[PDB]
Amino acid sequence: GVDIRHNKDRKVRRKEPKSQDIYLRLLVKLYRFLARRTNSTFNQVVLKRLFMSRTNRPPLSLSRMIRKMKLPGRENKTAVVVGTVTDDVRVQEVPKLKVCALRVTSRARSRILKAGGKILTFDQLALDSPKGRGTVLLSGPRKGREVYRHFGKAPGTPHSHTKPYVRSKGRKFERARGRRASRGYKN
Amino acid sequence: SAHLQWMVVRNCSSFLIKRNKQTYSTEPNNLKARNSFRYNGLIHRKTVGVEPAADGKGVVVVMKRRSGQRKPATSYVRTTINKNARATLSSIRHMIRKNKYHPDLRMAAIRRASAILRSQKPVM
Amino acid sequence: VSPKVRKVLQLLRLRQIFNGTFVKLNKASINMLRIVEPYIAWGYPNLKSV
Amino acid sequence: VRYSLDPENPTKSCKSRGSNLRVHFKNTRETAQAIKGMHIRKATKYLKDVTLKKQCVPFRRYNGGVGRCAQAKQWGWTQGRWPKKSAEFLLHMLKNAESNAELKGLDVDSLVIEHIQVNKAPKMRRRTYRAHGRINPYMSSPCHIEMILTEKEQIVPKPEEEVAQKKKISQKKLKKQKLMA
Amino acid sequence: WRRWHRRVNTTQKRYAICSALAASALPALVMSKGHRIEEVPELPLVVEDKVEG
RNA sequence: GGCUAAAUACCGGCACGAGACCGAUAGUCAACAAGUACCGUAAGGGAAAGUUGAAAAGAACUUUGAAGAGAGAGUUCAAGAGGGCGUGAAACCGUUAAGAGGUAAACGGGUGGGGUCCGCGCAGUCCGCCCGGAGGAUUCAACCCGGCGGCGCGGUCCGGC
Ligand SMILES: [Mg+2]
Ligand SMILES: [Mg+2]
Ligand SMILES: [Mg+2]
Ligand SMILES: [Mg+2]
Ligand SMILES: [Mg+2]
Ligand SMILES: [Mg+2]
Ligand SMILES: [Mg+2]
Ligand SMILES: [Mg+2]
Ligand SMILES: [Mg+2]
Ligand SMILES: [Mg+2]
Ligand SMILES: [Mg+2]
Ligand SMILES: [Mg+2]
Ligand SMILES: [Mg+2]
Ligand SMILES: [Mg+2]
Ligand SMILES: [Mg+2]
Ligand SMILES: [Mg+2]
Ligand SMILES: [Mg+2]
Ligand SMILES: [Mg+2]
Ligand SMILES: [Mg+2]
Ligand SMILES: [Mg+2]
């Protein structure tokens, strides 16, 4: 007998996409090869994000892509997101962008192209940037989901700003006892 | 494309047989009856098929032409070879190597031709 | 195996019976070997042993 | 009509059987085992003695509670009884088998009981009244019986005192025969 | 009152009609569906409008 | 004080259509002389129960028996389907055959002996090339005519979409 624990032997991590999409799996075949046969860590990161689930691939808005592609030294670099590029109506002017994405919404496509930009697919990124050179890999906000408002210390604990689960919002819905000192206590 | 068409049929095809822990493919121009991307006889632009002649004499070597990829009626060119055993294999070897028409199917085509000709000998 | 012996035997890498390792001796290590005294046979190997 | 066995030489055998016969299966199974292998004249004589309590049928398997008798020592056994209905029912079947041999032209004086088998038949439902307003089963246990007789090389004539007897006439048979005619 | 019926989004239903039509113009997929189209002159097969009458 | 169609409801009734339903211990209690038989003074309670065969051709006739039952014979593709008869399981029973038997039987592992059957075994594989002996030919290469196919950075040919 060997003195060892086995509860952590199996690592919980995706080796492939749960999706049965045949176009996504053709891109995984592509980047499985590039990640294996090139020393480029960029390929490994993209291969990993192709396995990732829907909530681990948040959409990247147009306004946020412009901000991150406007930092100094990022001129003529292709912005890359393994996800969806959504349009942002709060933007007034779109610059000339070169972007690679899994999906670009219909209105984001017109605005990027109308500014003189180029929209790639990941099979076109490989031919243009086999090792990922001259790229800017970008991610959407992962905690930008309604669930993360409900996580943390339970709402009924001191200095807990977690959001409760209420069927309705209003004066009659979880506001008397425990939420104001006038009714029992507050914390 | 071939790769896209293989994602549709790799596990869903009227030509797919799964049985006895084995998988085969019954479509024409598959040289090994194998459910495989290489040996599939429908999804590639260029394919090689070896079949016996209508009479039990000789083999028919089928080659897919380049042009009519969406025209099944004129897509395949058939050639009947009814020579001696060693001469038949040479023609198949030349039809593949010299044309560089799927050189990866050269020995599979040659092995299938030797199996058809052998089956056409008198049964002892 | 008691918790303190179990940790010290894991640091020596002796997780199995009749496993062996070299241990360079000094105050820190000699006192570890004293905790695991019932669970180990040790001593000084000669050149032939190495 | 299928018998559990097949005769070795069908041209030298005769058959008899009956179904749903209202004789006890247990008593009749023991009786049949007694005459198995016997010559017909020996078997016929033996069963008549059982009727007269001069020879016993040894009860070997279904012997729970059965009593002891001196005549059971002839069989290397202690328990024996004299089932009269089993003997009479089997005598009738032997008479039928003997007639079937005649109809086939066999030598009735050489026949041996080669195969005999008693099978339980479907049971018949009556009832008995018990204490405290309870009713319980009162079942008959009938049986199917089948025998095969075969010619062998031993010859035993029919007893003289048995062949000298009158051919009994039955009026009730005549009445029905005349009505049918 | 088992829920026998299912709602499918219109965009996805139209997506499904588009994939079916795209896959109907490829000989390999139509052959792999069991159809004997080894001698049909072309795919897609378009015939004159007389046939409507 | 008053009337008022329509759009709405409908496990009763008359008449219909359908089903990713059940398939005779299921599905209605009820596939059948079922709200029947049967129980209860009554209010009430309430079953079991489908299938020979293509066609009754449903076994004439002979013979033993008082008869039930049998033996022959015959019908049928089959009664190895015989009127509660399609198939015909298990438990349980009879008989036949084989083996065995004083620590209830049964059981795991390891062998050994004997059977039943299988190899549709019993002078022992098949294949490539090469050497040699005997033969025999819709006879090889090389050239000529024609057809088809592949490729061409035809270093930069013409015409097409
Ligand atoms: Mg272990
Ligand atoms: Mg464990
Ligand atoms: Mg675990
Ligand atoms: Mg007792
Ligand atoms: Mg008593
Ligand atoms: Mg009473
Ligand atoms: Mg009114
Ligand atoms: Mg029933
Ligand atoms: Mg019912
Ligand atoms: Mg039943
Ligand atoms: Mg059933
Ligand atoms: Mg019933
Ligand atoms: Mg039935
Ligand atoms: Mg039959
Ligand atoms: Mg039948
Ligand atoms: Mg029928
Ligand atoms: Mg039945
Ligand atoms: Mg039956
Ligand atoms: Mg038995
Ligand atoms: Mg025995």
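The figures here come from the full heavy-atom set of this structure, side chains too, leaving out hydrogens, waters and symmetry mates. Residue numbers start from 1 in every chain, and the chains themselves are labelled A, B, ... in the order their sequence lines are given, proteins ahead of strands.
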Integer-rounded Å distance: [N] [atom2] and [X] [atom1]:
X: B/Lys83; N: F/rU138; atom1: NZ; atom2: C1'; result: 12 Å
X: B/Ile92; N: F/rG150; atom1: CD1; atom2: P; result: 18 Å
X: B/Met107; N: F/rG128; atom1: CE; atom2: P; result: 14 Å

Evaluate the salt bridge (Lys or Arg N to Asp or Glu O under 4.0 Å) criterion for residues B/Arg78 and B/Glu51: first the C-alpha distance (whole Å), next the side-chain angles of each, then the deciding distance (0.1 Å), finally the verdict.
-> CA-CA 10 Å; B/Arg78 299 171 68 83; B/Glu51 298 128 21; 3.3 Å; yes

Sequence neighbours excluded, the answer for salt bridge (charged side-chain N to carboxylate O under 4.0 Å, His left out) partners of D/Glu102 is none

Residues at least two apart in sequence or cross-chain that pass salt bridge (charged side-chain N to carboxylate O under 4.0 Å, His left out) with D/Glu98, listed by chain then number, are D/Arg41, D/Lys158

Flag, side chain of [X] to backbone of [Y], donor-acceptor distance under 3.5 Å:
X: E/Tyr15; Y: E/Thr10; value: no
X: B/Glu27; Y: B/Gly41; value: yes
X: B/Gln22; Y: B/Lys18; value: no
X: E/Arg6; Y: E/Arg3; value: yes
X: D/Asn100; Y: D/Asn96; value: yes

Can you check the distance between [N] and [M], where both ends of the measurement are the [atom1] atom (answer in whole Å)?
N: F/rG53; M: F/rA43; atom1: P; answer: 46 Å
N: F/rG50; M: F/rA57; atom1: P; answer: 27 Å
N: F/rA134; M: F/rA141; atom1: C1'; answer: 27 Å
N: F/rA60; M: F/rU75; atom1: P; answer: 13 Å
N: F/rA123; M: F/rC118; atom1: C1'; answer: 22 Å
N: F/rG99; M: F/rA71; atom1: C1'; answer: 38 Å

Given the rule that positive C1'-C2'-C3'-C4' is north and negative is south, which one is [N]?
N: F/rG80; value: south
N: F/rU76; value: north
N: F/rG88; value: south
N: F/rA37; value: north
N: F/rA57; value: north

Distance test, side-chain N/O of B/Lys100 to OP1/OP2 of F/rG152, below 4.0 Å: no

Q | Under 4.0 angstrom between B/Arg118 side-chain N/O and F/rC127 OP1 or OP2 | A | no

Stacked pair [N]-[M] by ring centres under 5.5 Å and planes under 30°:
N: F/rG121; M: F/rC122; result: yes
N: F/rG124; M: F/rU125; result: no
N: F/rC11; M: F/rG12; result: no
N: F/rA59; M: F/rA60; result: no
N: F/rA20; M: F/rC21; result: no

With a 4.0 Å cut-off on heavy atoms, is E/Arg2 in touch with a base, just the backbone sugar-phosphate, or nothing at all? nothing

NZ/NE/NH1/NH2 to OD/OE distance under 4.0 Å, D/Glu162 and D/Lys48 = yes

Problem set entry | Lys/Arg-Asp/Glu bridge criterion (N-O < 4.0 Å) met for D/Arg61, D/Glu30 | no

If pairing means Watson-Crick or G-U wobble with both distances under 3.5 Å, then the partner of F/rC3 is none

Under a 3.5 Å limit on both distances, the Watson-Crick or wobble mate of F/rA69 is F/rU64

For nucleotides 87-99 of chain F, 5' to 3', base contacts (B), sugar-phosphate-only contacts (S) and non-contacts (-) with protein non-hydrogen atoms under 4.0 Å give ------SBSS---

Readout for nucleotides 60-74 of chain F: B = base within 4.0 Å of protein heavy atom, S = sugar-phosphate only, - = neither; 5' to 3' it is ---SBSSSBBBSS--

Run the ring-centre check on B/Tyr39 versus B/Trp6 and record whether the distance is less than 6.0 Å. no

Which atom pairs, one a donor and one an acceptor, fall under 3.5 Å between side chains of residues 128-135 of chain D and the rest of the protein, sequence neighbours left out?
| residue | atom | partner | partner atom | Å |
| --- | --- | --- | --- | --- |
| D/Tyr129 | OH | D/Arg127 | NE | 3.1 |
| D/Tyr129 | OH | D/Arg127 | NH2 | 2.9 |
| D/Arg134 | NH1 | D/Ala131 | O | 2.9 |

**Prompt:** Is it the case that D/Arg125 places NZ or CZ above or below the six-membered ring of D/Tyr138, under 6.0 angstrom from the centre and within 45 degrees of the axis?
**Reply:** no

Using nucleotides 145-149 of chain F, report all nitrogen or oxygen pairs with the protein that are shorter than 3.5 Å.
| residue | atom | partner | partner atom | Å |
| --- | --- | --- | --- | --- |
| F/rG149 | OP1 | B/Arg65 | NH1 | 2.5 |
| F/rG149 | OP1 | B/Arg65 | NH2 | 3.0 |
| F/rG149 | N2 | B/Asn99 | OD1 | 3.0 |

